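Peer 1: Got a structure here, written out as structure tokens. Questions coming.
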Amino acid sequence: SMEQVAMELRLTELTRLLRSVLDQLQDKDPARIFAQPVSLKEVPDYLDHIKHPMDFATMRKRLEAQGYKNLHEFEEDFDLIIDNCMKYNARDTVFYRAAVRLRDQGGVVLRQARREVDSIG
Numbered sequence: 053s054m055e056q057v058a059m060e061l062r063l064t065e066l067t068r069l070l071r072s073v074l075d076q077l078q079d080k081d082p083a084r085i086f087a088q089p090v091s092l093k094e095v096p097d098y099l100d101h102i103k104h105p106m107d108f109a110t111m112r113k114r115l116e117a118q119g120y121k122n123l124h125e126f127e128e129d130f131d132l133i134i135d136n137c138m139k140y141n142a143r144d145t146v147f148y149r150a151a152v153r154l155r156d157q158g159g160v161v162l163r164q165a166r167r168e169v170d171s172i173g
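For the sequence shown, counting from 1, position 66 maps to 118 in the numbering used here; every step adds exactly one.
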């Protein structure tokens with residue numbers, strides 16, 4: 053149908069906007085701490101601690117499959133990255149501190165994204 057096509061154009065455009073959001077958030081992680089999945093070879097007990105692992109490469113795979121239906125879903129994944137790190141790592145660690153800085157800096161980007169998503173529909 054023509055409606056399914058229109059719906060698909062909207063998803064494609066959301067995917068375009070979320071790609072730009074993802075790039076901007078990932079720039080706030082210059083140490084690349086959150087770039088890839090925590091390695092189960094190197095942290096063999098990880099899944100005993102963290103039930104839903106997340107990282108920027110994993111988000112990017114979902115994004116490029118047009119797997120985010122709305123900004124809420126995308127934000128859920130970004131928040132997992134931060135919240136998983138803040139649980140597994142102690143306060144006095146470069147990892148925890150990196151997550152705090154990512155959360156704080158990302159807030160700004162995500163605030164305007166929400167306005168853009170609502171504004172453009």
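Where is the CB? At the ideal position from N, CA and C, for every residue including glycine.
Roughly how many whole angstroms lie between the Cα atoms of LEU69 and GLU168?
Peer 2: If you take the alpha carbons of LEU69 and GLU168, they lie about 9 Å apart.
Peer 1: Less than 8 Å between the CB atoms is what I'm expecting for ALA165 and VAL73, so what's the real figure, rounded?
Peer 2: Yes, they are in contact, since the Cβ atoms of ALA165 and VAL73 sit about 5 Å apart, within 8 Å.
Peer 1: To the nearest whole angstrom, what separates the beta carbons of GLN76 and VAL152, a pair I think is in contact under 8 Å?
Peer 2: Wrong, their Cβ atoms sit about 18 Å apart, outside the cutoff.
Peer 1: Taking the straight line between their C-alpha atoms, what separation do you get for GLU125 and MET106?
Peer 2: Taking the straight line from one Cα to the other gives about 13 Å.
Peer 1: According to DSSP, simplified to helix, strand and coil, what is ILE133?
Peer 2: In the structure shown, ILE133 sits in a helix (DSSP, three-state: H, G or I).
Peer 1: In angstroms, rounded to a whole number, what distance separates the CA positions of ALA109 and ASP144?
Peer 2: Rounded to the nearest angstrom, the two C-alpha atoms are 26 Å apart.
Peer 1: Alpha helix (DSSP H) containing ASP75: first to last residue?
Peer 2: Element bounds for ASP75: 54-79.
Peer 1: What are the boundary residues of the alpha helix (DSSP H) that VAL95 is part of?
Peer 2: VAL95 -> no alpha helix (DSSP H), and no H or E assigned at all.
Peer 1: By Cβ distance, which residues of its chain are closer than 6 Å to residue 37, with the 5 residues on each side in sequence left out?
Peer 2: In the structure as shown, the chain starts at 53 and stops at 173, and residue 37 therefore has no counterpart that could be examined.
Peer 1: State the Cα-Cα distance for the pair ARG112 and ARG71, rounded to the nearest angstrom.
Peer 2: Approximately 8 Å between the Cα atoms of the pair.
Peer 1: Under 6 Å Cβ to Cβ from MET54, same chain only, skipping five residues before and after it: list those, please.
Peer 2: Result list for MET54: empty, nothing under 6 Å.
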